[PDB]
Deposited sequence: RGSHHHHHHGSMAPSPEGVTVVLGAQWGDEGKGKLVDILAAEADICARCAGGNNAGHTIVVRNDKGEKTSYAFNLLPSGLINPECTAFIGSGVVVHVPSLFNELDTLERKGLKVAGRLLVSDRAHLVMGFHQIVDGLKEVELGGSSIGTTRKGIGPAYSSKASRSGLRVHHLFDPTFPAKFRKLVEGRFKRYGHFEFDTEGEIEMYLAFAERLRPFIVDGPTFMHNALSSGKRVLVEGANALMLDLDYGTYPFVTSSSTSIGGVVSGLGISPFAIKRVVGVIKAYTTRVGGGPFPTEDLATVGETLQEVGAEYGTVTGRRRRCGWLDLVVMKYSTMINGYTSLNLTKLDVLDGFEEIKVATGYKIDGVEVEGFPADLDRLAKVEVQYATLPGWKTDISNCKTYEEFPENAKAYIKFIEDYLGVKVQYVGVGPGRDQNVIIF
């Protein structure tokens, strides 16, 4: 690992296995950071950087993140209860924005207001928090120590009532609770820009855990079926307030098949037995919610676009073991509209809907690879699958996931 920043980014529509790779690479990092997004889960980490199992790794929450403070401490207190010493190893930018209870409520209210046109958000208030941020009415970590916090909070609620009508919300109770958490948060708070600048100047190795994934990027994803932050490489630069020159590696986490959860287009979605098999074998459902994910074939048209935006220096191909039982595996290699090859990935979703997907069909290996520890142990047709992806995308696969465990990662170089 070089001095400077190594980034782990999700390449598709999330749930690729970023947390797993971060836990692995954090063994070689001084600092593990979140740069954007809010609380969404990885395998017990949600808001906290997934590198904290390394006892000596420091966790940092950047200015680009939106933080639901009660959830942060529920997460922290649980980790500590399990025996992990986190409290002295966690720093939070005083410029991070605050997700409030009413953000979570109006997230759902808007989704209902949309009816059939709903996005399928996680209902965690992420969009409303980022919209308040853009408006500059949003509250930030430093406001927790500002005597005007209650007045500003009340006005925020009043504005949501105007927009969405009355809803039940204990405004004064929520204010009281947040200020109570402020006392617990105080020791974690830092000036983010100077913290990161000092780290980089000192020759530290910084590992950045991207949230969500590229096709959920507010600018470059399948808008409006996206999250409300930059999930892509620019979000690292902005979210941590660092120079682009500090970025040394950008690892793209690419699942061996495609998933998305929530609404929007999905060109290689399978609505029959393949999709069901990927869902079951790949355990593609929410850990607490049971929220089942849409599944389909690997889509390298998506990956070509993803690579164009993020500029991956290498790939982590994940969940390859989920395909161990397949006789044949399809991989999307092109989109056509009206018999004509499509350039790049379309911004217009009605154009995307006209796409006829072109597939390669590759033979399966029909072998359990979950105990493979080196590239040479892979079955020939698994090797072929890896090479097919590399050759198509022009980026080498550096890491292969063959099971959920920390140990089930094959390092190729």
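Ranges of the deposited sequence (numbered from 1) for which no C-alpha atom is modelled:
Deposited residues absent from the model fall in 1-14, 58-71.
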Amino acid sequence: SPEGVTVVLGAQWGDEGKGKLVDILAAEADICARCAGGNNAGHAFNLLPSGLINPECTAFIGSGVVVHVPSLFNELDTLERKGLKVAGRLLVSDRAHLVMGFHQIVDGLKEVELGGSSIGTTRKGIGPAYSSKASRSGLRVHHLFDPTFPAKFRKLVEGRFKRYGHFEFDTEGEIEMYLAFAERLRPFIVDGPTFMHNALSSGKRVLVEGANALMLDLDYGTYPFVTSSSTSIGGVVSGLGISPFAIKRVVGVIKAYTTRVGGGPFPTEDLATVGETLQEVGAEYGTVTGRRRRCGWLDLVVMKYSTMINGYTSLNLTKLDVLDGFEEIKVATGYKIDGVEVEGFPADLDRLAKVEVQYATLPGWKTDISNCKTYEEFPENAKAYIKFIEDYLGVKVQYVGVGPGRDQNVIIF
From here on, numbers count along this sequence of modelled residues.
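- Read off the CA B-factors in the entry, average them over 102-110 and over 300-308, and name the higher stretch. Comparing 102-110 with 300-308, the higher average CA B-factor belongs to 102-110.
Review point. Averaged over C-alpha atoms, is the B-factor higher for 242-250 or for 187-195 in this PDB entry?
Key: The stretch with the larger average C-alpha B-factor is 187-195.
Margin query: Quiz for you: based on the deposited Cα B-factor, which of 64, 364, 42, 346 is highest?
Written below: In the PDB entry, the greatest C-alpha B-factor among 64, 364, 42, 346 is found at 42.
Item to check | Peak C-alpha temperature factor (PDB record), options 282, 263, 138, 116 | outcome: Of the candidates given, the C-alpha B-factor peaks at 116.
Q. Taking the C-alpha B-factors as the PDB entry records them, is residue 203 in the lowest, middle or highest third of its chain?
A. Residue 203: CA B-factor falls in the highest third of its chain.
Quiz item: Lowest, middle or highest third: where is residue 14 by C-alpha B factor in its chain?
Solution: Ranked within chain, residue 14 CA B lands in the lowest tercile.
Margin query: Ranking every modelled residue in this chain by its Cα temperature factor as given in the entry, which third contains residue 276?
Written below: Its C-alpha B-factor, which the entry lists for residue 276, ranks in the middle third among residues of this chain.
* To do: Select lowest, middle or highest to describe the third in which the CA B-factor of residue 255 falls within its chain in this entry.
  => Residue 255: CA B-factor falls in the lowest third of its chain.
Determine, from the deposited record, the chain-internal third of the Cα B-factor for residue 94: lowest, middle or highest.
Residue 94: CA B-factor falls in the lowest third of its chain.
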